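A.B. asks: test case, fold it:
(2 chains)
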Amino acid sequence: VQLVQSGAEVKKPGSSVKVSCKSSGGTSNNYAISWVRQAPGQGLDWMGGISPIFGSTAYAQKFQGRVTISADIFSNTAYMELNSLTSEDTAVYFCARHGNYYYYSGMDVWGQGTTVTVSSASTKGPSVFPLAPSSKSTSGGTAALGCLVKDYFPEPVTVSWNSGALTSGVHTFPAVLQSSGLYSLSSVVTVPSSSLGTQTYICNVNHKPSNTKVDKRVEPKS
Amino acid sequence: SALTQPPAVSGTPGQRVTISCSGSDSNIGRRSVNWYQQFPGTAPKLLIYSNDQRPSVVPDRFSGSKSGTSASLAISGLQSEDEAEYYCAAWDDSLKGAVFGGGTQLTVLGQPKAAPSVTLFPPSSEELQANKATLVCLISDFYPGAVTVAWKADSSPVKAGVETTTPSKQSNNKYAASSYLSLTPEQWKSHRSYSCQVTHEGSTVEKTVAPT
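C.D. replies: Numbering: from 1, shown residues only, chains lettered A, B, ... in the order given. Let me share the structure:
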């Protein structure tokens, strides 16, 4: 048996989110189901549970009056609806099935998780800035070249170097979500310093949600 | 969290490790303990239930016990692949709800410690020209996977405008993270230098950049 959850969600502050959990490979109605969330870098947090056989639902105190857990007994799907969303609600939401009718039992089958992002931002392509070294190129020596992919929404953006020809020394870092509600990330390629006099380095940034493709030439300056 | 676990634990392959879970009379005192294991960017998996019972698919080197209002997970013969996050959980009778521990990051040193490689970039001229400024601090190839980042304007701590990512596993099995400091082009120019300081296993790597 597998628990399958609905896809990632982006929501505005004050709005509601409804995450779905289906048991594929037969009914999960005879067992308790819990919703557990995990805010980035934080631990597991129980939101509440439902046990349809008893027609009972329970909620963590901290979410009482804000979350509604339900089960469509006919379709074999459980749901979690969270209202009045703020940025503190940005997290991965898991459904998980207990081993029996009760919330005390181990949760032995977990859904894959659903990322919910709460942001007042709308779709926006990144500004891209070149990041150049000036004492890195010593002596020598390798040098770190980068491109800053600033203030985009929503995820995700892809980055390559020299239209894909350059893979050695590339590290693209995971995005930060800033308190503004927009993302930024950076890609760096480490190159031999000597190559900076003969080779051109260009970062190619593609942001599909906004149909933005940007090419930036990165080149130590002055 | 109503249940208390040590946030970080380390072990060497072949060695035994124990992760404790401290609870109260309303939860661990009265109810059975469950243990979950979670790898980065994926769902937890059930490891132990009913205090000491193991799912078929769990290696028998994993075991649990319950001691009054406390519970413990033991792993014998630590393998490199046990490097994960571990959570204990119990129903709580007073709360009428399930409670988890805060989690334990278990480090299995099947490789040497590595200090973070730190790359600090000043604002690009392009960004400064359009009247903005961002300091970018890139932190890679460190192991174990926790660091803390502190920013300095000259010799004094900056707190505001700092956005730091959580760490993430690389292909080569070490970790990376980044931290951003956003500022006005005037704040940037008024200081002789800014510094990104990254402390890893009680030792700091720093980099420094200047408006020159």
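A.B. asks: OK, contacts around the closest residue to chain A within chain B?
C.D. replies: In chain B, the residue that lies nearest chain A is residue B:49 (3.1 Å; Cβ to the nearest Cβ). For every residue, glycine as well, the C-beta is placed using N, CA and C. For residue B:49, the contact set (Cβ atoms under 8 Å, 6 or more residues apart in numbering or on different chains) comprises A:99, A:105-106, A:108, B:32, B:34-35, B:55.
A.B. asks: which of the residues you listed are buried?
C.D. replies: Neighbour-count burial (16 or more other Cβ atoms under 10 Å in any protein chain shown) applied to the contacts of residue B:49 gives A:99, A:105-106, A:108, B:32, B:34-35.
A.B. asks: in helices only, show me those.
C.D. replies: Assignment to helices by DSSP state H places none of the buried ones among the contacts of residue B:49 there.
A.B. asks: count the residues that sit near residue B:47.
C.D. replies: Counted by other Cβ atoms under 10 Å in any protein chain shown, the residues lying close to residue B:47 total 24.
A.B. asks: again with residue B:108
C.D. replies: Using other Cβ under 10 Å, the number of residues around residue B:108 comes to 21.
A.B. asks: what sits against it?
C.D. replies: B:10-13, B:78-83.
A.B. asks: from the residues you listed, pick the one nearest residue A:131.
C.D. replies: Relative to residue A:131, the closest of these is residue B:83; by Cβ to Cβ it sits at 32.0 Å.
A.B. asks: does that closest one touch residue B:107 like I think?
C.D. replies: Yes. Counting by Cβ atoms under 8 Å, residue B:83 touches residue B:107, with 6.1 Å between them.
A.B. asks: who's more crowded, these two?
C.D. replies: With neighbours defined as other Cβ under 10 Å, residue B:83 and residue B:107 compare such that residue B:83 has more, 23 against 20.
A.B. asks: centroid-nearest residue for chain B?
C.D. replies: Chain B has residue B:146 as the residue nearest its centroid, 5.1 Å off, counting by Cα atoms, centre = their mean.
A.B. asks: if we can go back for a sec, the residue of chain B closest to chain A bridge partners, please.
C.D. replies: residue B:53 (DSSP bridges).
A.B. asks: cool, and residue A:21?
C.D. replies: Applying DSSP bridges, one finds that residue A:21 bridges with residue A:5, residue A:78.
A.B. asks: got the contact list for it?
C.D. replies: Residue A:21 sits next to A:3-6, A:33, A:77-80, A:95, A:111 when contact means Cβ under 8 Å, 6+ apart.
A.B. asks: neighbour count added to the residues you listed, as a markdown table?
C.D. replies: Shown next, in a markdown table, are the contacts of residue A:21 (neighbours: other Cβ atoms under 10 Å in any protein chain shown):
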| residue | neighbour count |
| --- | --- |
| A:3 | 22 |
| A:4 | 14 |
| A:5 | 22 |
| A:6 | 17 |
| A:33 | 28 |
| A:77 | 19 |
| A:78 | 29 |
| A:79 | 19 |
| A:80 | 28 |
| A:95 | 31 |
| A:111 | 25 |
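A.B. asks: what's the closest of those to chain B?
C.D. replies: Nearest to chain B among the contacts of residue A:21: residue A:111, at 6.7 Å, using Cβ to the nearest Cβ.
A.B. asks: I'd like the distance between the closest one and residue A:78.
C.D. replies: Relative to residue A:78, residue A:111 is positioned 9 Å away (Cβ to Cβ, to the nearest Å).
A.B. asks: related to what we said a few turns ago, now compare the contacts of residue B:49 and name the two farthest from each other.
C.D. replies: The most widely separated members of these, counting by Cβ to Cβ, are B:32 and B:55 (14.7 Å).
A.B. asks: how is chain B carved up into domains?
C.D. replies: Following curated CATH domains, one gets these domains for chain B: B:1-110, B:111-212.
A.B. asks: which of these is buried the deepest?
C.D. replies: Highest mean neighbour count of these: domain B:1-110, a mean of 19 (counted as mean count of other Cβ atoms under 10 Å in any protein chain shown).
A.B. asks: helices of chain B, residue ranges please.
C.D. replies: Under DSSP H, chain B gives helices at B:125-129, B:185-189.
A.B. asks: reformat those as TSV; add distance to chain A.
C.D. replies: Below are the helices of chain B laid out as TSV (distance: least, Cβ to the nearest Cβ, whole Å):
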stretch	distance to chain A
helix B:125-129	5
helix B:185-189	13
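A.B. asks: got those as CSV, with distance to residue B:64 columns?
C.D. replies: As requested, the helices of chain B are arranged in CSV below (distance: least, Cβ to Cβ, whole Å):
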stretch, distance to residue B:64
helix B:125-129, 53
helix B:185-189, 53
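A.B. asks: now the farthest one out in chain B, which residue is it?
C.D. replies: Greatest distance from the centre of chain B, by Cα atoms, centre = their mean, belongs to residue B:129 (37.3 Å).
A.B. asks: same check on chain A?
C.D. replies: residue A:139 (39.9 Å).
A.B. asks: ok, and the closest non-adjacent residue to that residue?
C.D. replies: residue A:193 (7.8 Å; Cβ to Cβ, 6 or more residues apart in numbering or on different chains).
A.B. asks: sorry, back to before: would you confirm that the residue nearest to the centre of chain B contacts residue B:116?
C.D. replies: No. The pair residue B:146 / residue B:116 is not scored as a contact, 10.3 Å apart, by Cβ under 8 Å.
A.B. asks: what touches both of those two?
C.D. replies: Shared contacts of residue B:146 and residue B:116, defined by Cβ under 8 Å, 6+ apart, comprise residue B:200.
A.B. asks: okay if I get the contacts of residue B:108 as a markdown table plus distance to residue B:140?
C.D. replies: Formatted as a markdown table, those follow (distance: Cβ to Cβ, whole Å):
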| residue | distance to residue B:140 |
| --- | --- |
| B:10 | 21 |
| B:11 | 24 |
| B:12 | 24 |
| B:13 | 24 |
| B:78 | 26 |
| B:79 | 26 |
| B:80 | 21 |
| B:81 | 23 |
| B:82 | 24 |
| B:83 | 18 |
